[PDB]
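Student: Sharing a structure with you now.
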Amino acid sequence: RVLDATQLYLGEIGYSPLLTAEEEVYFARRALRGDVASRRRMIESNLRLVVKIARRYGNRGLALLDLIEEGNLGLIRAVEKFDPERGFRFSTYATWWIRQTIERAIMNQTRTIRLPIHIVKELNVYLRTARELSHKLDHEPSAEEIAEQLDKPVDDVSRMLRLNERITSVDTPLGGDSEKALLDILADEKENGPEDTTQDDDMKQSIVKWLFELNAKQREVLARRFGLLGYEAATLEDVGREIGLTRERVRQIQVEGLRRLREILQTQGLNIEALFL
Amino acid sequence: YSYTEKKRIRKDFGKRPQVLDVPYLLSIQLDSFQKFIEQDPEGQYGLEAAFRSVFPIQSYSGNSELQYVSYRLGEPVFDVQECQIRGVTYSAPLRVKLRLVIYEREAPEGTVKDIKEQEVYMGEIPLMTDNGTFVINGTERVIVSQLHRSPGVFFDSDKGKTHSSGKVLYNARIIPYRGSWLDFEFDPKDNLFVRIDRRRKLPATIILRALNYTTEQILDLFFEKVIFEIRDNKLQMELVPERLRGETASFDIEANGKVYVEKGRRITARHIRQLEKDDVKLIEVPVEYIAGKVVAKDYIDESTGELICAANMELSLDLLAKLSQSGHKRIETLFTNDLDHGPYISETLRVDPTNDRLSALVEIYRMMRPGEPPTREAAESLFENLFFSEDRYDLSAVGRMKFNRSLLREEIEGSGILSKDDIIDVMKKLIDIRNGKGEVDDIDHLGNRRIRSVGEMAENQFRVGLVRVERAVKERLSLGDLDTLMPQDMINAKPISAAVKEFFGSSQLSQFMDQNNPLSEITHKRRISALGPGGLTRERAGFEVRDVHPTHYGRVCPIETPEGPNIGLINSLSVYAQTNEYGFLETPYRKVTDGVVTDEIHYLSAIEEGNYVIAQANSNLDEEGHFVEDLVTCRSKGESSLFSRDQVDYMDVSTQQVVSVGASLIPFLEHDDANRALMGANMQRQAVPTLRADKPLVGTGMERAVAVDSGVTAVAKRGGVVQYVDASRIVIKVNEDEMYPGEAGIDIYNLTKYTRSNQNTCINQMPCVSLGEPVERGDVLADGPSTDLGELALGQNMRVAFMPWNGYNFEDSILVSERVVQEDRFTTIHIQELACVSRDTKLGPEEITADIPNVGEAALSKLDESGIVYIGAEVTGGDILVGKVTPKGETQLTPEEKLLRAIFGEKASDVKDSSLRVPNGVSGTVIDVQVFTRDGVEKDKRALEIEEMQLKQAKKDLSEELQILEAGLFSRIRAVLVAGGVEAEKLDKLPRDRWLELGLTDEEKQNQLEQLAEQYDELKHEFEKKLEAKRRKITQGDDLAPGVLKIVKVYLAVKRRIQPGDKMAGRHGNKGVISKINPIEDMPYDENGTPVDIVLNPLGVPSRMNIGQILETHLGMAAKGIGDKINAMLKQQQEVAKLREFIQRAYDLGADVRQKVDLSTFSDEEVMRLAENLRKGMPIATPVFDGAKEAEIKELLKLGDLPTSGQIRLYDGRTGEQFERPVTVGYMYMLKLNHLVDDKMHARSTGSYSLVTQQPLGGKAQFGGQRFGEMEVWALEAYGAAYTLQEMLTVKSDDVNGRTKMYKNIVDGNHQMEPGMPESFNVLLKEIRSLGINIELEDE
Amino acid sequence: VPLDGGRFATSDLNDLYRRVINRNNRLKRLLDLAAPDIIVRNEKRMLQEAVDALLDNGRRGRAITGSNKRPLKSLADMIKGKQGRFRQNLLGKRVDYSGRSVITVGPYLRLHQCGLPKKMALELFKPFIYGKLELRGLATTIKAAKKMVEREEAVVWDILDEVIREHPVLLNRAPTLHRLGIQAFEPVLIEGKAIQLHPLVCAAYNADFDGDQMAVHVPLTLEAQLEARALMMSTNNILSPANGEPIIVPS
Amino acid sequence: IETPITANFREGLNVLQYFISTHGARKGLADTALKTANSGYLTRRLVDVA
DNA sequence: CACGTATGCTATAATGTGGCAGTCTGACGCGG
DNA sequence: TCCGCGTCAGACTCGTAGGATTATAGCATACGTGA
Ligand SMILES: Nc1ncnc2c1ncn2[C@@H]1O[C@H](COP(=O)(O)OP(=O)(O)OP(=O)(O)O)[C@@H](O)[C@H]1O
């Protein structure tokens, strides 16, 4: 029989009212006053009109089935707010809604990285300005050439052209040969390999030895300040909370701990060796 | 002979004089794209076709319409020079004139209401170079010609769909250029079916009903008629004697007076002539005979008016008696025969569930659009739209041509749509083949495989641009206001531009030109593929396609194709092969007129080759006459045998037409197995050009042809004397005869100097001519990177010796002397391009300054203040080429770093580091640096110093242009002035600016002075705008990607030397890795002392069966022997007469040498410049199959005072004692393949990690570990080695705990197993849970 | 995740997920409106199309094609066949302490020996240099040992040379047919980017010196050093397991 | 072919003798690439059960 | 209040969809 | 049970190179969090 979701729905609309001028008014007048059945009909009837409106709004964001569904929601909001008393027809008023609801729902579900309407709205005018220029310049317009025709900022144009880039999927094959995708190449940022993991472990274990090689009162105000042994990274003035309670003596003893430690790095074989790093 | 030829002549062992000279090898690419841009007035081709096809476009209402007028190409925005550098398409503006015409609605057709007309841009088309390349984003790229099934009709049969029945089911299929497919096919019960688009299977009479055909007409078309007369009482029947042929007499066959055949007897040819000569027309028959026969037309009772029996119904005794008494004693029935005229349509109609025309269009509609309720128009519109509308369907010219000649038709040229006739004619020949007459076509014949070059494909992709515009035009026209809306507001320029760049980029045929060798460029442009879109696939590819087909002869090369799964599909074009005007291939052939082999040549199509018998080029001509022998070995009908003289109709022109370019360069190919010949020609393309171009001593002659036609060299447009020689450029003065009278006549050739290749190798053009040398028109002025005096120079020749050496030449392993390495002769050049990008991050913009945090003064030593390394500065891995810094944001300075930055200090600025530094391992010399900046942010001071040079160098370069152009322009006027008013010095007193002031008498030459005077001014005014274009494009800010602010591109220059691991080979597929560079002390050497260069393994020869290399060696030695004799006489400083006698004795030796070069014609000076180039070795040409034989080579060896054998007395260098017995020594022209070991070796301990799999990455490109696949795994399972595997599953790969933990344990010394469980499995758990499946790890 | 080029990249699952959530939320909206059933039907058919496309795209009907006219990779696809997790990212793995290079002949070597380039074994045995360095007291920490190696100073070659002695390395050639497709040897450091292999075991690999490459692997654990010397050593592997016949035979 | 190749590699092949040699050469090397997957797939099949 | 993001409304009549795929092959089940 | 239509497989490592197009109107009223 028929097993395409497309042709099935398109069949069910093909057996639904095709209303006259005075018919539309009869149903619509009852639809506003809530006849229930009336709101169902006007909608059922004009599903055929939504499809012909979604025949031109395809290949832009979603599929044909997706456009129709959204387009139907526009016909419904048109039915929620139609004026039968007015001598003007319905098919005219409903078209304004069905063209709007489609464009708007395409603006959201077209791009992966969600873009609000405001940054998008503006982008359109920048792009539609590029059309005019391109045809007469016969050269795809620059960020400047667009800025000189609108007389608007340079970074704005460039800032609006930075949110119109495409996104290559991670699982996309590479060079007319699905040998490897981008995931088999693209690196992991977070975790650096053992060599970088053991760097910090060995460097920070060497410091634990250098802190036990200094004076007891020299490694008590030096680490408790930087937050090496203590719990919170304090300042020269804040070391007074512990037992130091000093401002001058804290600053002299902090630097006295660092001066004896600078000679511990000159003798072990670092100093200028570990200065590049 | 010419001057550039006089410098060095190649001894040709050809004996088959070239009647056809090798054509320009790059014919297809250039001629194809020429058609595409060519604005043909009527005969639409390329763009002109694309517009007339789609246009005129009219609105959906049909009140407004857009009409195509004319188009044009503007000159390129950026020329090739610039395009290659900047990095954007070398394209031309497309300006097309459109006309918007609108009609009156209530009025008939008010065509003259508003005829709006304007010109509109849409898309920029990449142009083709003179090399047949497209510059896409600064890359010369090549579009390979495609090979696809030619449209029209084709008859096939699956030799056993159901081997159950094992019945050969025959089928036909109409293949259009555009449109739906139309197939006809039989079935186990021989019922004809039709399957449009191979969709549903529908009875084949349903399509005929759709063409308005009643049951009667159908039968009347296919089947013949059998007449039955019921006279008085005796039933009678018309007999054509030729009908009851090969059948059995089921009844007693008797006539006006005679019984011919008895019941149950076979009617032979005797009985048929017995009846036919007796002139038998009528025979009385029994009524039992009709029971089974099918009635033809309808038969209504004259009386009642009802159908007694409908058409196509098997008769019976009672039906016949009902018809005899109705009043019909003239009955028509079908001529059914199970053997010849088969009853198929008849049995098919019994299956056919349709009725009339309108009902036949229903099931056709219910097939393709199932579910939609059918109307009169929807059913009719569909079927009419399929194969019967000017829109949907198009067979094309080739389609209709092949379609017609497949049906043995009347027309070559006809309609693009299928007519009723066409369909039934196709069903008819399908049924002919089913009967017995007619043979099926096969796809492998090149008569069915059409070639589609770029220009036709560029046309196709340009149509989709127009088709995608058609949509936007119609919809905007109808609902949009008529007046206000302009035609360019409805046009979009992006869909065309995007659809064309889709082709020039993403397509499988658009690929980066392989230009690591002149041979690679020319053979890669002459590549022809069956793959990509509208072709075949490795997944889909069979065998018989790949297999060499006897049509390939002269058209396609049998030995030119990758040995990769894309083996038989990809193929190079033959040497003298060319495209048929329609699409097929064609090969040159010498016509034989009345026995006389005439010099008139005819390019025979793939179709007509089969017709005539074709003699081979091995056949001997009688010096203007005919074949010397009465019997001639020839070939035809795709087979080979001997024939008589008068029977020969055509003959192979040359002996090299079977092979390609790749194969025409292999000498003694005749003595080489096709398997090794293929590999040899495949590796010859991979031959990286060497430092010093060395000519091949053992060539074929095709050498020069390749080097010249490749477009890598610079050949003279006009002959004359080289006024000026230079490393950068060449200036040549033209002779009077060739020089035009208008212009000055001084050609300019700015030679391409050292710059990059697509394979990262050297590209140079050195002048091969001396200052002030007389040069003939079409002579090579500058040599390329792999060319020498115009001849191709791919690799280098050297003294080789075939013998084992302590296993250093084990399996084809190579033992090369240090002396080769000392001459740096196989040392190669590699220009590597690296870039530094200043981006715009979220935090802020990046810049390029010398100010870099965490750095040594040692690193910023080679940089300047701007932050770019000096030109000529040596660099090594770790040194920084270009200083870059990016913004540093909220950065958590770890306590241990805040303390370390507080101790030693250097509170690094809020600006991150990412300077471009030489990649770890590379080291070269910077030869140039180029800076690209957006039109905006102020520049680096170095970027200003480079602008200084470009400008002041361009001001000089243009000053030099107008200066020398002035001198050549007044040089003419000076000669014109003497003719008439003859005065020498008195005219040359005052300066030359007041020479246009002087004139002549009323004469042609007075008009000439006015031409040169106002052309001097034309150049004087032209010089300013030439300066403007240069100045602006230097001041112009180069457009970049969004986010990028400026870029700095560096060019390094690496000199890699040969070393163990480097791969080299001959041209006979003899491969090998260099194992050891032997000391000069250790190299074997002859009694005389000179050592050997390479020592090859003799065992890489018998098994290989590529004896061509040995012949290359022997001839090379002989050739060198002659050079060694000439070298000695030139060193001894002997005489011109002595060299003349010996060299004349050398050129003339072969049996019938093709070239007969007399040296009495050569002047003394011309002989000594020749001998000076002959001393390295007399270059020899061995045509592919007409090469030199033993008799000639051994005779040459006697001239060189070399051994007849070719084996020399060798002595071991290590020791000094002789080897036990002689070894073959000679000069083999070997090559240095691109597969160099510096570009291969890799190592990894720990590095990057994958993104989700959390195993290491892949390749030395990204620094990745080698893959240990499942096969590699089972090996350790077999050993039993359990940890070695678990170690390679966890700590070496995923196990995040393991890898870091194990590292720390190794540095501790404790190499301890510490597993956990790879990440990639923990992924697989959640991935199956995401699929809605409870997969948990059940514990102990 | 974002590219270095300011671009982003997303897996096709995210895209397939947005098709499911959008249609599911639109159904919530239409059930709020009490819309006619004919529309609710389409929405439910759509929802199922999206769900089925998320689990296994190419199965029920046409697989939902995306940007480059290719089909979106679904869930099932990452568990399915070669390109699935099992065969590609679980039984087969890229491995650390691994390098490959053009091999060349080693006619001077004994059976239990193989040429290994210096700069190869350098990078391969990186954690073993840092380890032996802290022992001698030449490196105080590991980033100190890192720089010692980087500068390629003379005395670092002699330490690298120390650890490698009495240390086997695995040599693999593709394809790995039988177990002998990997054999272990005692590395001999050689100046040059070429690996030097023993002629007699060339038969097992089917390794022709016509431009072959062999993967190297370092056995880290002491058990792996014992396994390599005991089972996978070239001297302990003579006869083929297929036939009781010597595969180590001159040619 | 009814008529085989008379000559050898020392004597040299004529133009067809080579064209004839091609037919056998390319099909022999086609089965080196394509037929290998059935035999390597057998190795896979055997292993899993064993 | 404001900047960024969202929801909203407009009225001639208009009311059933539709660019490629190229066919691969030998094997083994699963509804009519 | 035969026909037919569907689903499932189809060697292992290495390489090269990056990557693409489109289009959703002007305007005002509105809802949400920091100052
Ligand atoms: N596609 C491929 N996959 C795997 N191995 C291949 C492939 N193509 C070629 N080879 C291998 O490359 C080698 C090419 O032939 P090779 O020169 O090694 O022959 P051989 O076995 O040494 O015999 P001979 O001594 O007669 O030349 C073979 O070992 C072959 O298995």
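Simple scheme: letters A, B, ... for chains in structure tokens order, numbers from 1 for residues in each chain, numbers from 1 for ligands in the order shown.
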Could you give me the residues within 8 Å of ligand 1, counting only C-alpha atoms (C1' of nucleotides) and all ligand atoms, as a ChimeraX atom specification?

Tutor: /B:564,811,1100,1103-1104 /C:174-175,206-208,210 /D:32-33,36 /F:12

Student: Can you tell me, as a ChimeraX atom specification, which residues in chain D count as alpha helix (DSSP H) by DSSP?

Tutor: /D:15-33,36-49

Student: Could you please determine the separation between atom CA of residue B:587 and atom CA of residue B:649 in Å, to one decimal place?

Tutor: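 Interatomic distance here is 14.8 Å.
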
Student: Starting from chain D, keep only residues with some atom at most 9 Å from an atom of chain B, counting only C-alpha atoms, and report them as a short mmCIF file (atom, residue, chain, number, x, y, z; two decimals) with N, CA, C and O atoms, in the first residue's frame.

Tutor:
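Output below, filename part-v5.cif:
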data_model
loop_
_atom_site.label_atom_id
_atom_site.label_comp_id
_atom_site.auth_asym_id
_atom_site.auth_seq_id
_atom_site.Cartn_x
_atom_site.Cartn_y
_atom_site.Cartn_z
N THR D 3 47.68 -19.66 -31.45
CA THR D 3 49.09 -19.30 -31.78
C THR D 3 49.76 -18.74 -30.53
O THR D 3 49.41 -17.66 -30.06
N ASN D 8 61.56 -15.41 -27.10
CA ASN D 8 61.93 -15.36 -25.66
C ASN D 8 62.36 -13.94 -25.32
O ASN D 8 62.21 -13.03 -26.17
N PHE D 9 62.91 -13.73 -24.12
CA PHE D 9 63.19 -12.34 -23.67
C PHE D 9 64.53 -11.87 -24.23
O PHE D 9 64.74 -10.66 -24.29
N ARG D 10 65.42 -12.82 -24.53
CA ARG D 10 66.73 -12.48 -25.14
C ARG D 10 66.48 -11.99 -26.56
O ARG D 10 67.07 -10.96 -26.93
N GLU D 11 65.62 -12.70 -27.30
CA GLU D 11 65.39 -12.45 -28.74
C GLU D 11 64.53 -11.20 -28.91
O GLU D 11 64.64 -10.55 -29.97
N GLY D 12 63.72 -10.89 -27.90
CA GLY D 12 62.80 -9.74 -27.95
C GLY D 12 61.41 -10.11 -28.46
O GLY D 12 61.29 -10.79 -29.51
N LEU D 13 60.39 -9.59 -27.77
CA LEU D 13 58.98 -9.69 -28.20
C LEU D 13 58.64 -8.60 -29.23
O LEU D 13 59.12 -7.44 -29.13
N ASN D 14 57.80 -8.97 -30.19
CA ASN D 14 57.24 -7.99 -31.14
C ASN D 14 56.17 -7.19 -30.40
O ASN D 14 56.06 -7.30 -29.14
N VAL D 15 55.38 -6.43 -31.15
CA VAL D 15 54.48 -5.45 -30.48
C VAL D 15 53.30 -6.23 -29.89
O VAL D 15 52.90 -5.91 -28.76
N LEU D 16 52.80 -7.22 -30.62
CA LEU D 16 51.61 -7.97 -30.16
C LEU D 16 52.06 -8.94 -29.07
O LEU D 16 51.38 -9.04 -28.06
N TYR D 18 53.79 -8.72 -26.93
CA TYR D 18 53.75 -8.02 -25.63
C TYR D 18 52.29 -7.76 -25.27
O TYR D 18 51.91 -7.98 -24.10
N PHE D 19 51.51 -7.36 -26.27
CA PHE D 19 50.08 -7.07 -26.05
C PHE D 19 49.39 -8.33 -25.52
O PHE D 19 48.46 -8.24 -24.69
N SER D 21 50.95 -10.73 -23.90
CA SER D 21 51.56 -11.02 -22.58
C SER D 21 50.82 -10.23 -21.51
O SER D 21 50.73 -10.70 -20.33
N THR D 22 50.31 -9.07 -21.92
CA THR D 22 49.58 -8.16 -21.01
C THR D 22 48.36 -8.87 -20.43
O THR D 22 48.17 -8.83 -19.20
N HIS D 23 47.56 -9.47 -21.30
CA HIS D 23 46.26 -10.07 -20.89
C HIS D 23 46.49 -10.93 -19.64
O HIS D 23 45.71 -10.80 -18.67
N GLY D 24 47.51 -11.79 -19.71
CA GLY D 24 47.81 -12.76 -18.64
C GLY D 24 48.44 -12.08 -17.44
O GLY D 24 48.18 -12.50 -16.29
N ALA D 25 49.24 -11.05 -17.73
CA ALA D 25 50.00 -10.31 -16.71
C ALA D 25 49.03 -9.54 -15.81
O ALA D 25 49.15 -9.62 -14.58
N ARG D 26 48.11 -8.80 -16.42
CA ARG D 26 47.26 -7.91 -15.60
C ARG D 26 46.31 -8.80 -14.80
O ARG D 26 46.03 -8.47 -13.65
N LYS D 27 45.82 -9.89 -15.40
CA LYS D 27 44.82 -10.68 -14.65
C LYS D 27 45.54 -11.44 -13.54
O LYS D 27 44.93 -11.60 -12.47
N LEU D 29 47.90 -10.26 -11.73
CA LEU D 29 48.25 -9.26 -10.69
C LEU D 29 46.98 -8.66 -10.10
O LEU D 29 47.04 -8.03 -9.03
N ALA D 30 45.88 -8.83 -10.81
CA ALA D 30 44.53 -8.46 -10.33
C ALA D 30 44.12 -9.42 -9.22
O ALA D 30 43.45 -8.95 -8.28
N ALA D 33 45.71 -8.79 -5.70
CA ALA D 33 45.16 -7.69 -4.88
C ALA D 33 43.79 -8.11 -4.34
O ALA D 33 43.50 -7.88 -3.15
N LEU D 34 42.98 -8.68 -5.21
CA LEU D 34 41.53 -8.74 -4.92
C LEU D 34 41.25 -10.08 -4.25
O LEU D 34 40.47 -10.12 -3.27
N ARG D 44 40.87 -15.08 9.56
CA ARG D 44 40.03 -14.43 10.59
C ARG D 44 38.98 -15.43 11.07
O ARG D 44 38.79 -15.57 12.29
N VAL D 47 40.40 -18.39 13.10
CA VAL D 47 40.93 -17.97 14.42
C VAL D 47 39.77 -17.93 15.42
O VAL D 47 39.88 -18.57 16.48
#

Student: Excluding residue F:31 and residues on its chain fewer than 5 positions from it, collect all residues at most 10 Å away from it, counting only C-alpha atoms (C1' of nucleotides), and give them as JSON, numbers by chain.

Tutor: {"E": [5, 6, 7]}

Student: Compile the residues of chain A that lie within 6 Å of chain E, evaluated using only C-alpha atoms (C1' of nucleotides), and express the compilation as a PDB file with N, CA and C atoms, in the first residue's frame.

Tutor:
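Done, and the output landed in selection.pdb:
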ATOM      1  N   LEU A  10       0.033  13.250   3.438  1.00  0.00           N
ATOM      2  CA  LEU A  10      -0.363  13.979   2.201  1.00  0.00           C
ATOM      3  C   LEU A  10      -1.653  13.374   1.637  1.00  0.00           C
ATOM      4  N   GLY A  14      -5.651  15.239   1.598  1.00  0.00           N
ATOM      5  CA  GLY A  14      -6.317  15.183   0.281  1.00  0.00           C
ATOM      6  C   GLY A  14      -7.779  14.771   0.390  1.00  0.00           C
ATOM      7  N   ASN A  46      -7.223  23.687   5.564  1.00  0.00           N
ATOM      8  CA  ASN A  46      -6.156  24.533   4.967  1.00  0.00           C
ATOM      9  C   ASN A  46      -4.779  23.906   5.234  1.00  0.00           C
ATOM     10  N   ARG A  48      -3.655  21.718   3.163  1.00  0.00           N
ATOM     11  CA  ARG A  48      -3.279  21.651   1.730  1.00  0.00           C
ATOM     12  C   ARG A  48      -2.505  22.920   1.352  1.00  0.00           C
ATOM     13  N   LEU A  49      -2.889  24.061   1.934  1.00  0.00           N
ATOM     14  CA  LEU A  49      -2.256  25.378   1.652  1.00  0.00           C
ATOM     15  C   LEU A  49      -0.875  25.441   2.322  1.00  0.00           C
ATOM     16  N   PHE A  88     -12.491  40.527   3.909  1.00  0.00           N
ATOM     17  CA  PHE A  88     -11.276  39.945   3.275  1.00  0.00           C
ATOM     18  C   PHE A  88     -11.224  38.438   3.570  1.00  0.00           C
ATOM     19  N   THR A  92      -5.658  34.425   2.398  1.00  0.00           N
ATOM     20  CA  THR A  92      -4.749  35.595   2.297  1.00  0.00           C
ATOM     21  C   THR A  92      -4.051  35.824   3.639  1.00  0.00           C
ATOM     22  N   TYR A  93      -4.834  35.844   4.720  1.00  0.00           N
ATOM     23  CA  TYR A  93      -4.363  36.181   6.089  1.00  0.00           C
ATOM     24  C   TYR A  93      -3.499  35.042   6.639  1.00  0.00           C
TER      25      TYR A  93
END

Student: How close does each residue of chain A get to chain B, giving the shortest atom pair and distance in Å to one decimal for every residue with an atom at most 8 Å away, counting only C-alpha atoms, sorted by chain and residue number, as a tab-separated table?

Tutor:
residue	atom	partner	partner_atom	distance
A:1	CA	B:371	CA	6.6
A:2	CA	B:371	CA	5.4
A:7	CA	B:371	CA	6.7
A:8	CA	B:371	CA	7.8
A:11	CA	B:372	CA	6.9
A:56	CA	B:475	CA	7.8
A:131	CA	B:492	CA	7.3
A:132	CA	B:489	CA	7.7
A:134	CA	B:121	CA	7.5
A:135	CA	B:121	CA	4.8
A:136	CA	B:121	CA	7.0
A:138	CA	B:121	CA	5.4
A:139	CA	B:93	CA	8.0
A:142	CA	B:1039	CA	7.2
A:158	CA	B:1042	CA	6.9
A:161	CA	B:1042	CA	6.9
A:162	CA	B:1042	CA	5.9
A:176	CA	B:508	CA	6.3
A:183	CA	B:1251	CA	6.3
A:184	CA	B:1257	CA	6.2
A:185	CA	B:1257	CA	5.9
A:186	CA	B:1251	CA	6.5
A:187	CA	B:1250	CA	5.3
A:188	CA	B:1251	CA	4.5
A:191	CA	B:1249	CA	7.8
A:192	CA	B:1248	CA	6.9
A:193	CA	B:1247	CA	5.6
A:194	CA	B:1300	CA	4.3
A:195	CA	B:1246	CA	6.9
A:197	CA	B:1300	CA	6.9
A:198	CA	B:1304	CA	6.6
A:204	CA	B:896	CA	7.1
A:226	CA	B:895	CA	6.0
A:227	CA	B:895	CA	6.8
A:228	CA	B:895	CA	6.3
A:258	CA	B:903	CA	6.8
A:262	CA	B:903	CA	7.6
A:275	CA	B:904	CA	7.0
A:276	CA	B:854	CA	5.7
A:277	CA	B:854	CA	6.6

Student: Got a sec to pull out which chain C residues are within 6 Å of chain B, counting only C-alpha atoms, and send them as a PyMOL selection string?

Tutor: chain C and resi 91-102+104+107+120+123-124+127-128+130-131+176+179+194+208-211+221-222+224+227

Student: Which residues come within 7 Å of stretch 84-87 of chain A, counting only C-alpha atoms (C1' of nucleotides), excluding same-chain residues fewer than 6 positions away, as an MDAnalysis selection string?

Tutor: chainID A and resid 25 28:29
